[PDB]
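*Asks:* After the structure tokens below, expect a handful of questions from me.
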Amino acid sequence: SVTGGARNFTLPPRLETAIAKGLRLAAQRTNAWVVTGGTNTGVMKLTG
Amino acid sequence: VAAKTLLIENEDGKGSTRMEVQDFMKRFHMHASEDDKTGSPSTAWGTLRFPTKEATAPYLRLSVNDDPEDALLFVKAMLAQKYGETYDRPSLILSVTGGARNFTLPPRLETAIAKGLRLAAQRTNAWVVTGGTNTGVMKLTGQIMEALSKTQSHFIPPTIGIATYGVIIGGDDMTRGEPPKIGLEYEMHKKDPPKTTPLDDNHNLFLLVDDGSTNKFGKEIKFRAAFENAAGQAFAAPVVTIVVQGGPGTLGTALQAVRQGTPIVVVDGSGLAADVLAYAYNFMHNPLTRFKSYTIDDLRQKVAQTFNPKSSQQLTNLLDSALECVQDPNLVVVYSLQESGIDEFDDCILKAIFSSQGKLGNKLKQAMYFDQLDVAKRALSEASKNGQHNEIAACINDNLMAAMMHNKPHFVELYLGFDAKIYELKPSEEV
Amino acid sequence: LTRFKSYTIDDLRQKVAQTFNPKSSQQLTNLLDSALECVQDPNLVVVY
Amino acid sequence: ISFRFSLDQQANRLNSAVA
Amino acid sequence: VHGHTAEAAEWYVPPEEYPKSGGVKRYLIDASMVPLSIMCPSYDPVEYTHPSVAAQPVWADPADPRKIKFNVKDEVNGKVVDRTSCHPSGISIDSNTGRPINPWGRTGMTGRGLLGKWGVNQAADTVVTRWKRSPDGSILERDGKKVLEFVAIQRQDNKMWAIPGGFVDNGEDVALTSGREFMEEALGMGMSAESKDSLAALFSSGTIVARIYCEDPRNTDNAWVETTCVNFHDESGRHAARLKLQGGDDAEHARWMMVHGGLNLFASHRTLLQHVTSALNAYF
Ligand SMILES: Nc1ncnc2c1ncn2[C@@H]1O[C@H](COP(=O)(O)O)[C@@H](O)[C@H]1O
Ligand SMILES: O=P(O)(O)OC[C@H]1O[C@@H](O)[C@H](O)[C@@H]1O
Ligand SMILES: [Mg+2]
Ligand SMILES: [Mg+2]
């Protein structure tokens, strides 16, 4: 379950790369269902 | 063939206009005697040829009351003549101060100063301003720039020597004649009474400040400081003073420099006033264990054994001035062999640059010149955390542009990673 | 760790006040109380 | 650094808040 | 080793030219002739009063000092003023003219100077201190003692660095005076929501470290400054780090300055800093 900011934000590249690498591995290893808010802004758009 | 026209830069800073040499050079004055105040127009300007040196060095004898902006325009006109209109503008003004008398430094320390100063000068196209005479730190600075003039082709960074006219050997020979003196031979060993101080043969340009006095020292500090400040405002570049060894007047010079906001780099281990300044800074600021036994009493003892004052009040005033210099830790950078390293003098110069007053984009450009990515990463991360994102976005295009221009691929990757679109670049000039 | 030994509840309150900017002190107190209630069980919170 | 912090912390009352 | 050099207790002698008087000079006296216990018959001081003091502002006492009681808290216009001297003997009143006599010695000048109140001018000084720390968090250590750091202002009148502080206004206490003087001089305009409460946290723990006689150059035989020093120490350093130092009122520049014994500060502020370091076993 991914929660957080509805409004748009910018994260540091190293931090973004770390979140992306960890989330992609976790998702491919566990066949995980990712549940977000669905809208095209902020953390949901980022998760997309 | 003697030059007849010169490209003098406009006051707007947008282009250079061609004007006659006698018209431009009429505005500089000289004093025939101490009594004279208004003076007469300078007949002493041209180029000096030194033995065993291929290139000639321009010289201008100008009064103490003359405008330093005009002298700055003269230096710009000479560089514009020699290297073309699109010459490498300085992003750093390196003022070298210290001991007038001769001294010997340790080889490791000398090698470290030479390596750091040569890299800093070649990376920033820096203007080195010294005293110009052939003794001590000025002669030493000349020896460090001699290798730069031998090992490098095309652009050579200027070594401006600003000296008092009343003590210089051969002033009468330079004054007499019809200006400009193209390729005039300088005889440093000739006895021109009462002058016993010769000009350094390795300096690339000479400004002889004249006030009509003879065998009097200390007349050129204020004009030199004004010229450095004028150059700093004109090229939008920080001025960094470097203090190597030095006497009692060097302390007042350093005090003036730190009072005006100019950062200083004090070379520790060179002895005398530099050791006093380094000891004072380490006593007041350094958190290491070996400086915990430092005390003001030992500092007073060191000043008393080194300078040997006549009166206790003089010793008290020197100690008070020394403690007043190192009050602001950002404005003093102490270089030491046992703490920093042999190849860390340019890092100390960069630390002085970052501690000075300037825009971050300019500081990122300076960090890009010295090839210190970690410094740029830390500055960007700190700016990103402290809510200064607007300045990052405002300066990222010009910084990326500079990174492409100066062939720094790691910096190109770094600036492109912080959401800088490649197709949104803008040229520096207007087409 | 040693770098978290200078952490205090006052600085946390200051951080919440500078970040969220509540209208009333009671709102700030409620947000701080809720934030402290979230991290009561160390197993249920993992900080990356 | 933990020890450095530890050894550090190991080594007419007036209230002027009315101003 | 020496042979009984540099006296026993070198007393205070004010400078020859009185400050802000337009070149008016006092009657010069040697430091072995200053105390009031010593007779010294060759003493002819000059009576000088500033035009600003003679124009009668709100903070100035009346020119005729009759009916005023010294050495006790006296009520002037229903406002309390503390005319108590820290001298053990107390303040003696001259019978001929009614002017008070300085118990701390001669200053070579009679009459009311730049100081508005006859006798003891009570001043409050605020020494806001914090431990001098490196970026790593370790406390700086010199001569086996921890190093202090205090807020210092550059004075407008004589361009010498000094501790922030000022004269106690009528109807107010040392608490208000100390806080008001620190906000007016060191801070200027005054403090952001909790940041202001944090400053209050800084201001809730103050200790009166000394109440001494000032070596102030404006002192005369009938008006002298005596100071109460209040130290606000930030042990953790959180409250001190939120202060935005910016010179205001009668101060040009304000900065954090390392405390040591070789400081050249205005009046007897080195003695005050000595008392602060003596109380907190800090370097001096
Ligand atoms: N007893 C007092 N004596 C002198 N000045 C006072 C006194 N009480 C309030 N003041 C004010 O405080 C100011 C502080 O001195 P200055 O540094 O000259 O501005 C004075 O100029 C007066 O306006
Ligand atoms: O009232 P201002 O001039 O601001 O300051 C008064 C000073 O006069 C000195 O005796 C006190 O120590 C105090 O610092
Ligand atoms: Mg004051
Ligand atoms: Mg005041």
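Order determines the names: the first chain of the structure tokens is A, the second B, and so forth; residues in each chain are numbered 1 upward, and ligands are numbered 1 upward as they are shown.
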Mind dumping a table of every chain B residue within 12 Å of chain A, with the nearest atom pair and its distance in Å to one decimal, using only C-alpha atoms, sorted by chain and rising number, as a Markdown table?
*Replies:*
| residue | atom | partner | partner_atom | distance |
| --- | --- | --- | --- | --- |
| B:377 | CA | A:14 | CA | 11.4 |
| B:380 | CA | A:12 | CA | 10.3 |
| B:381 | CA | A:12 | CA | 8.4 |
| B:382 | CA | A:12 | CA | 11.6 |
| B:383 | CA | A:12 | CA | 11.8 |
| B:384 | CA | A:12 | CA | 8.4 |
| B:385 | CA | A:12 | CA | 9.7 |
| B:389 | CA | A:10 | CA | 10.2 |
| B:413 | CA | A:13 | CA | 11.6 |
| B:414 | CA | A:13 | CA | 9.7 |
| B:415 | CA | A:13 | CA | 11.1 |
| B:416 | CA | A:13 | CA | 10.6 |
| B:417 | CA | A:13 | CA | 6.8 |
| B:418 | CA | A:13 | CA | 7.0 |
| B:419 | CA | A:13 | CA | 9.0 |
*Asks:* Mind dumping the selected residues with N, CA and C atoms as a CSV table (one decimal), in the first residue's frame?
*Replies:*
chain,number,residue,atom,x,y,z
B,377,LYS,N,28.6,18.3,-5.2
B,377,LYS,CA,27.6,17.4,-4.7
B,377,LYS,C,27.1,17.8,-3.3
B,380,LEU,N,25.2,21.3,-3.6
B,380,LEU,CA,23.9,21.1,-4.2
B,380,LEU,C,22.9,20.4,-3.2
B,381,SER,N,23.4,19.4,-2.5
B,381,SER,CA,22.6,18.7,-1.5
B,381,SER,C,22.2,19.6,-0.3
B,382,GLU,N,23.2,20.5,0.1
B,382,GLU,CA,22.9,21.4,1.2
B,382,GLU,C,21.9,22.5,0.7
B,383,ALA,N,22.1,23.0,-0.6
B,383,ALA,CA,21.2,24.0,-1.2
B,383,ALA,C,19.8,23.4,-1.4
B,384,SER,N,19.7,22.1,-1.8
B,384,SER,CA,18.4,21.4,-1.9
B,384,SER,C,17.7,21.2,-0.6
B,385,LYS,N,18.4,20.9,0.5
B,385,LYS,CA,17.8,20.7,1.8
B,385,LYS,C,17.3,22.0,2.4
B,389,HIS,N,15.9,25.9,-3.8
B,389,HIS,CA,15.6,25.2,-5.1
B,389,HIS,C,15.5,26.1,-6.3
B,413,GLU,N,26.8,14.9,-16.4
B,413,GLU,CA,25.9,13.8,-15.8
B,413,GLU,C,25.2,14.3,-14.6
B,414,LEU,N,25.9,15.0,-13.7
B,414,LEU,CA,25.4,15.5,-12.4
B,414,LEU,C,24.3,16.6,-12.6
B,415,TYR,N,24.6,17.5,-13.5
B,415,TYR,CA,23.6,18.6,-13.7
B,415,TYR,C,22.4,18.1,-14.5
B,416,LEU,N,22.6,17.2,-15.4
B,416,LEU,CA,21.5,16.6,-16.2
B,416,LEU,C,20.6,15.7,-15.2
B,417,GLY,N,21.2,15.1,-14.2
B,417,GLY,CA,20.4,14.3,-13.2
B,417,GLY,C,19.4,15.1,-12.4
B,418,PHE,N,19.7,16.4,-12.1
B,418,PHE,CA,18.8,17.2,-11.3
B,418,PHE,C,17.8,18.0,-12.1
B,419,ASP,N,17.0,17.2,-12.9
B,419,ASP,CA,15.8,17.6,-13.7
B,419,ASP,C,16.1,18.8,-14.6
*Asks:* Using DSSP assignments from the backbone, pull out every residue in range 193-388 of chain B that falls under strand (DSSP E) and give it to me as a list in words.
*Replies:*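 Strand (DSSP E) assignments inside range 193-388 of chain B correspond to residues 205, 206, 207, 208, 209, 210, 239, 240, 241, 242, 243, 244, 264, 265, 266, 267, 332, 333, 334 and 335 of chain B.
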*Asks:* Mind dumping the selected residues with C-alpha atoms as a tab-separated table (two decimals), in the first residue's frame?
*Replies:*
chain	number	residue	atom	x	y	z
B	205	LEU	CA	53.33	43.57	-16.24
B	206	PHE	CA	54.43	46.46	-14.03
B	207	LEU	CA	52.54	49.32	-12.39
B	208	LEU	CA	54.98	51.80	-10.84
B	209	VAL	CA	53.10	54.02	-8.39
B	210	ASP	CA	54.88	57.34	-7.97
B	239	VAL	CA	39.62	38.16	-4.66
B	240	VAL	CA	41.75	35.75	-2.59
B	241	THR	CA	44.82	37.03	-0.75
B	242	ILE	CA	47.63	34.54	0.04
B	243	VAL	CA	49.94	35.35	2.96
B	244	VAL	CA	53.36	33.68	2.90
B	264	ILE	CA	42.96	35.06	3.09
B	265	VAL	CA	44.99	31.85	2.77
B	266	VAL	CA	47.80	31.77	5.32
B	267	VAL	CA	50.66	29.37	4.55
B	332	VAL	CA	40.95	32.74	7.11
B	333	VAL	CA	42.11	29.44	5.58
B	334	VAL	CA	45.32	27.98	7.02
B	335	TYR	CA	47.33	25.61	4.82
*Asks:* Using only C-alpha atoms, select each residue of chain E with any atom at most 10 Å away from an atom of chain B, and give the selection as number ranges by chain.
*Replies:* E: 132-136, 138-145, 147, 255-264, 284
*Asks:* May I have the residues within 7 Å of range 27-42 of chain A as an mmCIF file with N, CA, C and O atoms, in the first residue's frame, using only C-alpha atoms and disregarding those fewer than 3 positions away in the same chain?
*Replies:*
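Saved the output as selection.cif:
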data_model
loop_
_atom_site.group_PDB
_atom_site.id
_atom_site.type_symbol
_atom_site.label_atom_id
_atom_site.label_comp_id
_atom_site.auth_asym_id
_atom_site.auth_seq_id
_atom_site.Cartn_x
_atom_site.Cartn_y
_atom_site.Cartn_z
ATOM 1 N N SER A 1 0.840 -1.187 0.000
ATOM 2 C CA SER A 1 0.000 0.000 0.000
ATOM 3 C C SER A 1 0.877 1.239 0.000
ATOM 4 O O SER A 1 1.588 1.476 0.969
ATOM 5 N N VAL A 2 0.772 2.078 -1.020
ATOM 6 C CA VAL A 2 1.611 3.269 -1.117
ATOM 7 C C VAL A 2 0.773 4.487 -0.774
ATOM 8 O O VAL A 2 -0.207 4.788 -1.465
ATOM 9 N N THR A 3 1.151 5.188 0.297
ATOM 10 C CA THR A 3 0.448 6.393 0.700
ATOM 11 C C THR A 3 1.414 7.564 0.796
ATOM 12 O O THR A 3 2.641 7.405 0.931
ATOM 13 N N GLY A 5 1.791 12.004 -0.264
ATOM 14 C CA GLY A 5 1.397 13.312 -0.768
ATOM 15 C C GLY A 5 0.550 13.284 -2.021
ATOM 16 O O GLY A 5 0.889 12.620 -3.007
ATOM 17 N N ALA A 6 -0.577 13.997 -1.976
ATOM 18 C CA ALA A 6 -1.391 14.149 -3.173
ATOM 19 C C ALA A 6 -0.742 15.126 -4.144
ATOM 20 O O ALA A 6 -0.738 14.883 -5.352
ATOM 21 N N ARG A 7 -0.193 16.231 -3.638
ATOM 22 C CA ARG A 7 0.454 17.227 -4.483
ATOM 23 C C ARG A 7 1.828 16.749 -4.958
ATOM 24 O O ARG A 7 2.438 15.854 -4.364
ATOM 25 N N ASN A 8 2.268 17.328 -6.081
ATOM 26 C CA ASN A 8 3.543 17.008 -6.726
ATOM 27 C C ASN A 8 4.744 17.426 -5.879
ATOM 28 O O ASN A 8 4.720 18.464 -5.211
ATOM 29 N N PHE A 9 5.803 16.617 -5.920
ATOM 30 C CA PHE A 9 7.033 16.928 -5.203
ATOM 31 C C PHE A 9 8.215 16.342 -5.961
ATOM 32 O O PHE A 9 8.060 15.441 -6.787
ATOM 33 N N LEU A 23 11.703 -1.167 -4.630
ATOM 34 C CA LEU A 23 10.300 -1.401 -4.965
ATOM 35 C C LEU A 23 10.141 -2.352 -6.153
ATOM 36 O O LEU A 23 9.239 -3.206 -6.126
ATOM 37 N N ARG A 24 10.981 -2.186 -7.212
ATOM 38 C CA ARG A 24 10.983 -3.085 -8.377
ATOM 39 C C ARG A 24 11.385 -4.511 -8.013
ATOM 40 O O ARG A 24 10.759 -5.455 -8.515
ATOM 41 N N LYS A 45 1.618 9.202 -9.054
ATOM 42 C CA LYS A 45 2.257 9.425 -10.355
ATOM 43 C C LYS A 45 3.694 8.911 -10.346
ATOM 44 O O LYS A 45 4.168 8.327 -11.339
ATOM 45 N N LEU A 46 4.378 9.128 -9.207
ATOM 46 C CA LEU A 46 5.744 8.665 -8.961
ATOM 47 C C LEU A 46 5.835 7.144 -8.955
ATOM 48 O O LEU A 46 6.689 6.592 -9.651
#
*Asks:* Neighbouring residues of ligand 2 are defined here as those with any atom at most 8 Å from a ligand atom, counting only C-alpha atoms and all ligand atoms; list them as a list in words.
*Replies:*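 Residues satisfying the distance criterion: residues 123, 124, 125, 155, 162, 163, 164, 165, 166, 167, 181, 185, 214, 215, 216, 225, 226, 227, 250, 266, 267, 268 and 269 of chain E.
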*Asks:* I need the chosen residues saved as a CSV table (one decimal), in the first residue's frame, with N, CA, C and O atoms.
*Replies:*
chain,number,residue,atom,x,y,z
E,123,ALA,N,23.1,50.0,35.9
E,123,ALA,CA,23.1,49.5,34.6
E,123,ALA,C,23.0,47.9,34.7
E,123,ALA,O,23.4,47.3,35.6
E,124,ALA,N,22.3,47.4,33.7
E,124,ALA,CA,22.2,45.9,33.6
E,124,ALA,C,22.9,45.5,32.3
E,124,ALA,O,22.6,46.0,31.2
E,125,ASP,N,23.8,44.5,32.4
E,125,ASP,CA,24.4,43.9,31.3
E,125,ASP,C,24.0,42.5,31.1
E,125,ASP,O,23.8,41.7,32.1
E,155,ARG,N,29.7,49.2,19.7
E,155,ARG,CA,29.0,50.5,20.1
E,155,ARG,C,29.0,51.6,19.0
E,155,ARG,O,30.0,51.7,18.3
E,162,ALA,N,31.7,45.5,23.0
E,162,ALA,CA,31.2,45.5,24.3
E,162,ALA,C,30.0,44.5,24.5
E,162,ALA,O,29.5,44.0,23.6
E,163,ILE,N,29.7,44.3,25.8
E,163,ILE,CA,28.6,43.5,26.2
E,163,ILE,C,27.3,44.3,26.0
E,163,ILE,O,27.4,45.5,26.3
E,164,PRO,N,26.2,43.8,25.4
E,164,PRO,CA,24.9,44.5,25.4
E,164,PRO,C,24.4,44.8,26.8
E,164,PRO,O,24.5,44.0,27.7
E,165,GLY,N,23.8,46.0,26.9
E,165,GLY,CA,23.2,46.4,28.2
E,165,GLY,C,22.9,47.8,28.2
E,165,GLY,O,23.2,48.6,27.3
E,166,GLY,N,22.2,48.3,29.3
E,166,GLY,CA,21.8,49.6,29.4
E,166,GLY,C,21.3,50.0,30.7
E,166,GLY,O,21.2,49.2,31.6
E,167,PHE,N,21.0,51.3,30.9
E,167,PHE,CA,20.6,51.9,32.1
E,167,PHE,C,19.1,51.4,32.4
E,167,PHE,O,18.3,51.3,31.5
E,181,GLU,N,17.2,45.4,26.5
E,181,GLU,CA,18.5,45.9,26.0
E,181,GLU,C,19.0,44.8,25.0
E,181,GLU,O,19.7,45.2,24.1
E,185,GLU,N,19.5,46.0,21.2
E,185,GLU,CA,20.9,46.2,20.8
E,185,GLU,C,21.4,45.1,19.9
E,185,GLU,O,21.8,45.3,18.8
E,214,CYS,N,31.6,50.1,37.5
E,214,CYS,CA,32.1,50.2,36.2
E,214,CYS,C,33.3,51.1,36.0
E,214,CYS,O,33.3,52.2,36.7
E,215,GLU,N,34.3,50.7,35.3
E,215,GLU,CA,35.4,51.6,34.8
E,215,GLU,C,35.0,52.3,33.5
E,215,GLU,O,35.8,52.3,32.5
E,216,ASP,N,33.9,53.0,33.5
E,216,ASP,CA,33.3,53.7,32.4
E,216,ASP,C,33.9,55.1,32.3
E,216,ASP,O,34.0,55.8,33.3
E,225,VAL,N,28.5,54.8,37.2
E,225,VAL,CA,27.8,53.6,36.8
E,225,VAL,C,28.2,52.4,37.6
E,225,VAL,O,29.3,52.1,37.8
E,226,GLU,N,27.2,51.7,38.1
E,226,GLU,CA,27.4,50.4,38.8
E,226,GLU,C,26.5,49.4,38.1
E,226,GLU,O,25.3,49.6,37.8
E,227,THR,N,27.1,48.2,37.8
E,227,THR,CA,26.4,47.3,36.9
E,227,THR,C,26.0,46.0,37.6
E,227,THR,O,26.6,45.6,38.7
E,250,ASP,N,21.6,51.6,19.2
E,250,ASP,CA,22.9,52.2,19.4
E,250,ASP,C,24.1,51.2,19.2
E,250,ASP,O,25.1,51.4,19.8
E,266,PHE,N,35.0,47.4,26.0
E,266,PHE,CA,34.7,48.7,26.6
E,266,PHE,C,34.5,48.5,28.1
E,266,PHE,O,33.9,47.5,28.5
E,267,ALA,N,34.9,49.5,28.9
E,267,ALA,CA,34.8,49.7,30.4
E,267,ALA,C,35.3,48.5,31.1
E,267,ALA,O,36.4,48.0,30.8
E,268,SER,N,34.6,48.0,32.1
E,268,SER,CA,35.1,46.8,32.9
E,268,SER,C,34.4,45.5,32.6
E,268,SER,O,34.1,44.7,33.5
E,269,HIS,N,34.1,45.3,31.3
E,269,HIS,CA,33.4,44.1,30.8
E,269,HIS,C,34.3,42.9,30.9
E,269,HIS,O,33.7,41.8,30.9
*Asks:* What is the CA of residue 240 in chain E to CA of residue 179 in chain E distance in Å?
*Replies:* 14.5 Å
*Asks:* Where in chain A does DSSP assign alpha helix (DSSP H), given as a PyMOL selection string?
*Replies:* chain A and resi 13-30+42-47
*Asks:* For the selection you just gave me, I'd like the residues written to a file as an mmCIF file, in the first residue's frame, keeping C-alpha atoms.
*Replies:*
data_model
loop_
_atom_site.group_PDB
_atom_site.id
_atom_site.type_symbol
_atom_site.label_atom_id
_atom_site.label_comp_id
_atom_site.auth_asym_id
_atom_site.auth_seq_id
_atom_site.Cartn_x
_atom_site.Cartn_y
_atom_site.Cartn_z
ATOM 1 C CA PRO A 13 18.040 11.319 -7.626
ATOM 2 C CA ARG A 14 19.975 8.925 -5.335
ATOM 3 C CA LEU A 15 16.924 8.532 -3.038
ATOM 4 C CA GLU A 16 14.567 8.077 -6.054
ATOM 5 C CA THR A 17 16.944 5.466 -7.548
ATOM 6 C CA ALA A 18 17.040 3.612 -4.162
ATOM 7 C CA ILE A 19 13.177 3.593 -3.828
ATOM 8 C CA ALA A 20 12.848 2.471 -7.493
ATOM 9 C CA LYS A 21 15.406 -0.378 -7.180
ATOM 10 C CA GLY A 22 13.962 -1.690 -3.871
ATOM 11 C CA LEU A 23 10.300 -1.401 -4.965
ATOM 12 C CA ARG A 24 10.983 -3.085 -8.377
ATOM 13 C CA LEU A 25 12.834 -6.027 -6.763
ATOM 14 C CA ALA A 26 10.180 -6.447 -4.035
ATOM 15 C CA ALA A 27 7.386 -6.339 -6.673
ATOM 16 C CA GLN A 28 9.076 -8.852 -9.022
ATOM 17 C CA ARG A 29 10.058 -11.253 -6.236
ATOM 18 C CA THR A 30 6.731 -11.355 -4.380
ATOM 19 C CA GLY A 42 2.577 13.243 -6.523
ATOM 20 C CA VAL A 43 3.437 9.843 -5.001
ATOM 21 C CA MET A 44 0.785 7.974 -7.114
ATOM 22 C CA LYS A 45 2.257 9.425 -10.355
ATOM 23 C CA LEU A 46 5.744 8.665 -8.961
ATOM 24 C CA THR A 47 4.725 5.017 -8.185
#
*Asks:* Which residues are close to residue 3 in chain D, i.e. within 10 Å by only C-alpha atoms, leaving aside same-chain residues fewer than 5 positions away? Reply as a PyMOL selection string.
*Replies:* (chain C and resi 2) or (chain D and resi 8-9)
*Asks:* Would you mind exporting the chosen residues as a compact mmCIF listing (two decimals), in the first residue's frame, restricted to N, CA and C atoms?
*Replies:*
# COMPACT_ATOMS: atom_id res chain seq x y z
N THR C 2 24.48 7.75 18.38
CA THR C 2 24.93 8.98 19.04
C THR C 2 24.33 10.25 18.43
N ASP D 8 31.82 14.18 27.11
CA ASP D 8 31.48 15.62 27.02
C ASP D 8 30.34 15.91 28.00
N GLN D 9 29.23 15.18 27.88
CA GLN D 9 28.17 15.42 28.87
C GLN D 9 28.61 15.08 30.30
*Asks:* Given a cut-off of 8 Å, which residues of chain D touch chain E, counting only C-alpha atoms, written out as a PDB file with N, CA and C atoms, in the first residue's frame?
*Replies:*
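As a result, part14.pdb now contains:
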ATOM      1  N   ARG D   4      32.831  10.110  22.869  1.00  0.00           N
ATOM      2  CA  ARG D   4      33.151  11.544  22.807  1.00  0.00           C
ATOM      3  C   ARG D   4      31.994  12.377  23.341  1.00  0.00           C
ATOM      4  N   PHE D   5      30.768  12.004  22.928  1.00  0.00           N
ATOM      5  CA  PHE D   5      29.535  12.619  23.413  1.00  0.00           C
ATOM      6  C   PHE D   5      29.342  12.359  24.916  1.00  0.00           C
ATOM      7  N   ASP D   8      31.824  14.181  27.112  1.00  0.00           N
ATOM      8  CA  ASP D   8      31.483  15.622  27.022  1.00  0.00           C
ATOM      9  C   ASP D   8      30.344  15.907  27.999  1.00  0.00           C
ATOM     10  N   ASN D  12      21.057  33.292  42.889  1.00  0.00           N
ATOM     11  CA  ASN D  12      20.422  34.474  42.319  1.00  0.00           C
ATOM     12  C   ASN D  12      19.716  34.127  41.014  1.00  0.00           C
ATOM     13  N   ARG D  13      18.705  33.272  41.128  1.00  0.00           N
ATOM     14  CA  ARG D  13      17.922  32.828  39.981  1.00  0.00           C
ATOM     15  C   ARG D  13      16.967  33.922  39.517  1.00  0.00           C
ATOM     16  N   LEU D  14      17.036  34.264  38.233  1.00  0.00           N
ATOM     17  CA  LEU D  14      16.280  35.379  37.682  1.00  0.00           C
ATOM     18  C   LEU D  14      15.580  34.922  36.412  1.00  0.00           C
ATOM     19  N   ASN D  15      14.324  35.341  36.270  1.00  0.00           N
ATOM     20  CA  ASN D  15      13.480  35.015  35.126  1.00  0.00           C
ATOM     21  C   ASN D  15      13.220  36.330  34.391  1.00  0.00           C
ATOM     22  N   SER D  16      13.767  36.452  33.181  1.00  0.00           N
ATOM     23  CA  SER D  16      13.660  37.656  32.362  1.00  0.00           C
ATOM     24  C   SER D  16      12.720  37.488  31.170  1.00  0.00           C
ATOM     25  N   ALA D  17      11.828  36.489  31.207  1.00  0.00           N
ATOM     26  CA  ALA D  17      10.850  36.235  30.142  1.00  0.00           C
ATOM     27  C   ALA D  17       9.770  37.309  30.005  1.00  0.00           C
ATOM     28  N   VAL D  18       9.530  38.115  31.061  1.00  0.00           N
ATOM     29  CA  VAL D  18       8.550  39.213  31.101  1.00  0.00           C
ATOM     30  C   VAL D  18       8.857  40.309  30.060  1.00  0.00           C
ATOM     31  N   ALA D  19      10.149  40.513  29.728  1.00  0.00           N
ATOM     32  CA  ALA D  19      10.563  41.441  28.678  1.00  0.00           C
ATOM     33  C   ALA D  19      10.151  40.992  27.272  1.00  0.00           C
TER      34      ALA D  19
END
*Asks:* Name the residues, by chain letter and number, that sit within 6 Å of ligand 1 using only C-alpha atoms and all ligand atoms, and give them as an mmCIF file with N, CA and C atoms, in the first residue's frame.
*Replies:*
data_model
loop_
_atom_site.group_PDB
_atom_site.id
_atom_site.type_symbol
_atom_site.label_atom_id
_atom_site.label_comp_id
_atom_site.auth_asym_id
_atom_site.auth_seq_id
_atom_site.Cartn_x
_atom_site.Cartn_y
_atom_site.Cartn_z
ATOM 1 N N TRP E 59 14.745 60.583 31.320
ATOM 2 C CA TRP E 59 15.580 59.662 32.074
ATOM 3 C C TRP E 59 16.603 60.394 32.930
ATOM 4 N N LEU E 114 27.350 62.885 31.394
ATOM 5 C CA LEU E 114 26.411 62.361 30.402
ATOM 6 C C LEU E 114 25.364 61.450 31.027
ATOM 7 N N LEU E 115 25.505 61.157 32.310
ATOM 8 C CA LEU E 115 24.665 60.257 33.063
ATOM 9 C C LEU E 115 23.500 61.054 33.630
ATOM 10 N N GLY E 116 22.295 60.488 33.549
ATOM 11 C CA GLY E 116 21.125 61.273 33.895
ATOM 12 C C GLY E 116 20.776 61.316 35.365
ATOM 13 N N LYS E 117 21.219 60.348 36.153
ATOM 14 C CA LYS E 117 20.813 60.266 37.548
ATOM 15 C C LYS E 117 22.016 60.537 38.434
ATOM 16 N N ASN E 121 24.166 55.163 38.978
ATOM 17 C CA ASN E 121 23.426 54.793 37.790
ATOM 18 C C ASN E 121 23.483 53.282 37.673
ATOM 19 N N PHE E 167 21.041 51.301 30.893
ATOM 20 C CA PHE E 167 20.562 51.882 32.140
ATOM 21 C C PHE E 167 19.135 51.435 32.435
ATOM 22 N N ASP E 169 15.446 51.817 33.292
ATOM 23 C CA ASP E 169 14.424 52.847 33.167
ATOM 24 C C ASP E 169 13.601 52.935 34.462
ATOM 25 N N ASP E 250 21.579 51.566 19.161
ATOM 26 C CA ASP E 250 22.903 52.231 19.353
ATOM 27 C C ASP E 250 24.055 51.238 19.156
#
